[PDB]
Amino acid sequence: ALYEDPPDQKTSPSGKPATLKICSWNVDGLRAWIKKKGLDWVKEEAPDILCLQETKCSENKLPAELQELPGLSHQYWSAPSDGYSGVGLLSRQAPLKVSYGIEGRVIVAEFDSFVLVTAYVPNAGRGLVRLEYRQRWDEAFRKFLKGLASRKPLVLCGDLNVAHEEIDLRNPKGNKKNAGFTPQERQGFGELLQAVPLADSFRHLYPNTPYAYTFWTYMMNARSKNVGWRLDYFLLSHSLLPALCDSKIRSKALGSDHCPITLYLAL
């Protein structure tokens, strides 16, 4: 069954209008994604903040298009030290603080009224050869997130590399031993929401909506059949739920095997 995202709800349930638009995208390689017109999609979406994962591109190699972004001119990049991984954070307004780590996987940006964490969570790998690291990472991430000095509410977004529940992927039965849908990963997502605490923005608004995916394997034309996974999230502190207008899956924006996701907050 295919899916079409409901229209954009730009007003919080109390009736206040959105004032912050946040977009997150695993881009499957930034230089490729630019060549496939992904920057055209960003300009059409006009986010206040743009979070990229899997840039596979060090800063000296960022295409020049990236300094032709005047609405997103405060840019911060993090790649591993040892053409793989990599994350990026672009913002209309300069943040108050920017830090990296908890690897080239996490950027922390403090804005006026909240703290944005974008994350590219390590993959448990084919055959699960990296699942134990993932579980160790999950726990270090959690403890890092909880221990964020600021009393400001938390926005965490990006590629979290797990389909939380069976509703979040097409083939839950046959993927229960596969990376991204192990009991160990699902449990990890569960602990994060309660430990921190955090809420799954998309399902707080659409708790029963099936077939909403942010990832489709390139193989076997899985995207055309909407055979996919929900691997990309916005996660909110409980106090930011009143200001939550909508959380979107931009299924039609091409350029990666991940699609963009977008958050509308009313601050």
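The numbering used is simple: start at 1 and walk along the sequence shown.
**Request:** Count up the deposited residues without coordinates from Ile167 to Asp168 and drop the result into none, 1 to 3, 4 to 9, or 10 or more.
**Result:** None; the chain is continuous from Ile167 to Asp168.
**Asked** Hey, how big is the hole between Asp82 and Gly83 in terms of deposited residues without coordinates: none, 1 to 3, 4 to 9, or 10 or more?
**Response** Gap between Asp82 and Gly83: 1 to 3 unmodelled residues.
**Stretch exceeding the other in mean C-alpha B-factor - 185-193, 147-155** = Stretch with the higher mean C-alpha B-factor: 147-155.
**Request:** Read off the CA B-factors in the entry, average them over 6-14 and over 20-28, and name the higher stretch.
**Result:** Looking at the record's C-alpha B-factors, the answer is 6-14.
**Request:** Could you tell me which one of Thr214, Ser201, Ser58, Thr217 shows the highest CA temperature factor in the PDB record?
**Result:** Spelled out: the listed residue with the top C-alpha B-factor is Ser58.
**Asked** Going by the deposited entry, which of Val115, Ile102, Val121, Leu131 has the highest CA temperature factor?
**Response** Of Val115, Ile102, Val121, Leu131, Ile102 has the highest C-alpha B-factor.
**Asked** By the record's CA B-factor, is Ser237 among the lowest, middle or highest third of residues in the chain?
**Response** For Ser237, whose C-alpha B-factor we compare with every modelled residue in the chain, the answer is the middle third.
**Request:** Give the position of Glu54 by CA B-factor within its chain, expressed as the lowest, middle or highest third.
**Result:** Middle third of the chain for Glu54's C-alpha B-factor.
**Asked** If you rank every modelled residue in this chain by C-alpha B factor, which third holds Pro172: lowest, middle or highest?
**Response** Middle third - that is where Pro172 ends up once the chain's C-alpha B-factors are sorted.
**Request:** Check where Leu66 lands among this chain's C-alpha B-factors and tell me if it's the lowest, middle or highest third.
**Result:** Highest third of the chain for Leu66's C-alpha B-factor.
**Prompt:** Can you tell me which third, lowest, middle or highest, the CA B-factor of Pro95 falls into for its chain?
**Reply:** It belongs to the highest third of the chain when residues are ordered by C-alpha B-factor.
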